[PDB]
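Structure first, then comments.
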Amino acid sequence: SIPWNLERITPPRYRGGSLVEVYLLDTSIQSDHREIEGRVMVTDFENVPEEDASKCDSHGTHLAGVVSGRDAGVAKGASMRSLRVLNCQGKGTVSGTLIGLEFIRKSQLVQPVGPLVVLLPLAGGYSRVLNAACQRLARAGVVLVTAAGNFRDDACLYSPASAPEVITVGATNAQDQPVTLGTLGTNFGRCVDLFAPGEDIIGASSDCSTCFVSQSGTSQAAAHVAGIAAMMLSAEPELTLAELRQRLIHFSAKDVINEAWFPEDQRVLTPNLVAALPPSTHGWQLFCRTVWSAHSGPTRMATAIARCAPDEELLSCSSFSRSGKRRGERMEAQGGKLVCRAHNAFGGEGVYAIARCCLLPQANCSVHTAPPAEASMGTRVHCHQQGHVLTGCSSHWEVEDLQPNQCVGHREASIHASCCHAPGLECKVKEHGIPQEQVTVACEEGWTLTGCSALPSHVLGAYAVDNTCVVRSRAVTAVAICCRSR
Amino acid sequence: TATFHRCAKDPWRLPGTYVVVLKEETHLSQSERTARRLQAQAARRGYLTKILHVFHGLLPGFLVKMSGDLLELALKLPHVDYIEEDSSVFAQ
Ligand SMILES: *[C@@H]1O[C@H](CO)[C@@H](O)[C@H](O)[C@H]1NC(C)=O
Ligand SMILES: [Ca+2]
């Protein structure tokens, strides 16, 4: 009898959302529906383009019910406030959406409450200004959750989906597969943070005050994550966006989507995660996430930059090109904070920089670099200070072509070690090599992959997938640095 | 350094209304004055304009209904970071 979607997000151990407020920017809603009556406040903010009542409020009413519905909601608690930025046909404007986001911010300034979650169950094409407004609102301390888009396309081509500070949510079905929606479906790619239930999702129907309807879409998916965020933030109100995002990733079901559904090049970029509520079972734990940059493009001196959140540490840096035409990557400081920079090769189509960004308080991390040795034992650098741990190795080169706490690179390459004093931290290195398109090595359960690299036959790149280090080539050896709280 | 942007998905564009985004630390008073300056400079060229909204609180700027003919003029206003043509979003 429990709707499948609400079971899907229920953790393997369990025992909301009231300190938190969820804003909805959507169609009008039927606020007297019994799922949401007395829990949703209609602001009567409205900014919608002209068309070109049961039907008018169908989308918004359903989503308010997915977020907060008495019977079928995720955060059955929670308080919501609704702004109308979509017309009866489900169409809005970027300007109306901006004015809506601004209204939320002004409301907060005038009457401050606790954590705010803003659900944006809508998409247009890439918009600089909409992305900027979202970023500003995120930087102002509001959590934003948006739909990936229903275009079976790269979410980076859409907004607000493409805004990095917004939690972007794709849709999966009861079989944990990406949702098909007519001839299209859930968007995917590196701007999607995670997936959530978004097919056959039962919720309030604005047909009648006690009626229900199943709807499908990445809006529905996003509503689940808005609900989960509201619950998580009620439990841990002080979470930074980066802490909340790391929890959303950490508590997700992993590696359950068949990535064959996605275009080939998007498989590696698309997180294989289906959202879930945190278990009741939960001291401190090491959380890391893999941040893929925008592709650098083909310019000869092109660089891709993957950055971490202000409160995260960059523990490693890798790179990847589908051609393998690559000058590697380096961890470089920037505004007093380390970023992962990857370098394209001459004639390369471009490369991705792939950061491993981790929540490590009390860590003092640095980078130790050595230039090409040009001889014999390869280029080597180590974390020489007593008690510092190596968390990541990177290597870049400028040429057209070719032991604890030590990184080793090619003799013609520079080598970079991420070294942290993190006294609560234990790390080990696990290696695996074989004769081969992909080699793979996983950290042990309860350990967090901090770094992933290939021993220095032509590798396309390396990247962490959850706690598995993947090395891609055209004996090749994957090397994972795995750490945990001690 | 002021740039113009419009939606790559041509059907989703809404020509004739523009979001004028001013540089980060621009003050509301400066945004309002910039809007007025635009309307005055437009009027002198024979163009009707309407300032639909003045943004402050997240981004400074304004929303203006005007002919795109005025965009080169608008890009030369003080404080302008970029201007974006309005466009459509859709329920997902
Ligand atoms: C990090 O450095 C700061 C500033 O010198 C110091 O307070 C702290 O002891 C250091 N922490 C570790 C774990 O090294
Ligand atoms: Ca995102």
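Side chains included, hydrogens not; waters and symmetry mates left out as well; all remaining heavy atoms used. Throughout, a chain's letter reflects where its sequence line sits, starting with A, and its residues are numbered from 1.
Ranked by heavy-atom pairs under 4.5 Å with chain A, the list B:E24, B:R6, B:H5, B:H53 is led by B:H53. Heavy-atom pairs under 4.5 Å with chain B were tallied for A:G125, A:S127, A:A147, A:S159; the largest tally goes to A:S127. Among A:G217, A:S219, A:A123, the residue making the largest number of heavy-atom pairs under 4.5 Å with chain B is A:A123. Among the candidates A:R139, A:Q215, A:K106, the residue making the largest number of heavy-atom pairs closer than 4.5 Å to chain B is A:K106. In terms of heavy-atom pairs under 4.5 angstrom with chain A, the leader among B:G57, B:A8, B:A91 is B:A91. In terms of heavy-atom pairs under 4.5 angstrom with chain B, the leader among A:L86, A:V129, A:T218 is A:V129.
Summarising the local packing, CZ of B:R37 is surrounded by 12 or fewer heavy atoms from other residues, nucleotides or ligands at distances under 6.0 Å. Within 6.0 Å of atom CZ in B:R33, 12 or fewer heavy atoms from other residues, nucleotides or ligands are found, so the atom counts as exposed in its surroundings. Shown here is A:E50, whose CD atom has no more than 12 heavy atoms of other residues, nucleotides or ligands within 6.0 Å. Summarising the local packing, CD of A:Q111 is surrounded by more than 12 heavy atoms from other residues, nucleotides or ligands at distances under 6.0 Å. The number of heavy atoms from other shown groups lying within 6.0 Å of CG (B:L48) does not exceed 12.
Both the backbone and the side chain of A:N150 come within contact range of chain B, judged by heavy atoms closer than 4.5 Å. Looking at B:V54, the atoms closer than 4.5 Å to chain A (heavy atoms on both sides) all sit in the backbone: N, CA, C or O. Residue A:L98 touches chain B through both its backbone and its side chain, counting heavy-atom pairs closer than 4.5 Å. Of the atoms belonging to A:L101, heavy atoms from both backbone and side chain fall under 4.5 Å from chain B. Looking at A:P49, there are no atoms closer than 4.5 Å to chain B (heavy atoms on both sides), in backbone or side chain.
In this structure a side-chain-to-backbone donor-acceptor pair under 3.5 Å is present from A:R136 to B:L58.
Counting heavy atoms from C-beta on, the side chains of A:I99 and B:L63 come closer than 4.5 Å. Residues B:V21 and A:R128 fail the side-chain proximity criterion, which asks for heavy atoms closer than 4.5 Å. At least one side-chain heavy atom of B:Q92 sits less than 4.5 Å from a side-chain heavy atom of A:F151.
Between A:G124 and B:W12, the shortest heavy-atom contact is C-CZ3, 3.7 Å. Contact between B:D86 and A:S95 at its shortest, heavy atoms only, is OD2-OG, 2.6 Å.
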Apply the test side-chain contact (heavy atoms from CB on, under 4.5 Å) to residues A:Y158 and B:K9: give CA-CA distance (whole Å), side-chain angles for both, the deciding distance (0.1 Å), then the verdict. CA-CA 10 Å; A:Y158 300 84; B:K9 308 258 173 224; 3.7 Å; yes
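Partner of B:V89 under the side chain to side chain contact (heavy atoms under 4.5 Å, CB included) criterion, out of A:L25, A:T97, A:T93: A:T97 alone.
Here CG of A:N87 is found 9.0 Å from OG of B:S88. Values are rounded to the nearest 0.5 Å.
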